[PDB]
Each structure stands twice: as structure tokens, then as C-alpha cells.
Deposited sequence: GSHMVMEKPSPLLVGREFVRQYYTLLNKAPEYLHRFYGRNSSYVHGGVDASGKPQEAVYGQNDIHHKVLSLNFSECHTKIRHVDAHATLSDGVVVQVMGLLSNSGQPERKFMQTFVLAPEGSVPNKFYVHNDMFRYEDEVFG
């Protein structure tokens, strides 16, 4: 029983990504599109293409967005990718906290080497789905 040297642990890649993702969302939301490729999908309910994602984020207007991460779980998936499920609270522009469930699919960048990009991003508010 030894540690895998070839690939980074999926759980650490997910947690570190979530940490940086929501941090940048609070700081500079306009640079958030740099996490996605020209084939990624962004859904914030409430889109395929990085340029469409950039315009999508700006249309949401994130002004000092604070996030309380309640749960994060990340596993390894297809083609050495990482799938992450995130549950927590979201408060944007002074509005009160809203329970959400955001899921990511972290894909390894082409080359090289240990670089990842968001291949899938699905965001859903709880009060809009259940009530």
C-alpha cells in the first residue's frame, strides 16, 4: 500500500479548486472565464463557449460575493479528470444566504503538465427548485 506518484489526489485537486474558484468570484468575477476552455459549459440557474461564459457571468453581476462552503466531494472520472460536487451558502450584493448545489468536471489541460480547466459547471439554487 503506497501513494500514487503518477497522478495528484482527486480530493485535493477539487478542494483547492473550490477554494480558488469562489475566492476569485469575490475578488474579480471578470477574470472567472479564464477557468474555462473553448468547449466548456456554464449553467447558472436561474451555454457552450468561453466567450459566451464571460458574457454570462457579467450578466449576473457579482458584487462582493461571499460563499460559505458546507460540503465538497471530489472523485476521479473519465480520462484522468476530476468530478466535484459542492454544497453551501451564497450571498451576493448584500442579499442574504441562499443554499446552492454546484457541480464541476475538472479536466486536465492538454500539455503541459499538471494543469486543469473547468469542462463542466452546473449551478442551481435550492429555493428555485424545491421552494
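Could you list the ranges of the deposited sequence that have no C-alpha atoms in the model?
Counting from residue 1, the stretches without coordinates are 1, 48-57.
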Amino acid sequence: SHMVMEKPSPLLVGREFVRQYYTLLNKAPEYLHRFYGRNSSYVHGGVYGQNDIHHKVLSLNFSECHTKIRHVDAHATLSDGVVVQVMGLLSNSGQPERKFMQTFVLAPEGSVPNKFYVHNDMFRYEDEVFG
From here on, numbers count along this sequence of modelled residues.
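Do the C-alpha atoms of 31-39 or of 78-86 have the higher average B factor in the entry?
It is 31-39.
48-56 versus 22-30 - greater average Cα B-factor per the deposited record:
On average, C-alpha B-factors are higher across 48-56.
Between 101, 65, 105, 69, which one tops the list for Cα B-factor in this entry?
Among 101, 65, 105, 69, the PDB entry lists the largest C-alpha B-factor for 65.
Please say which third, lowest, middle or highest, residue 112 falls into when its CA temperature factor is compared across its chain.
It falls in the top third of the chain.
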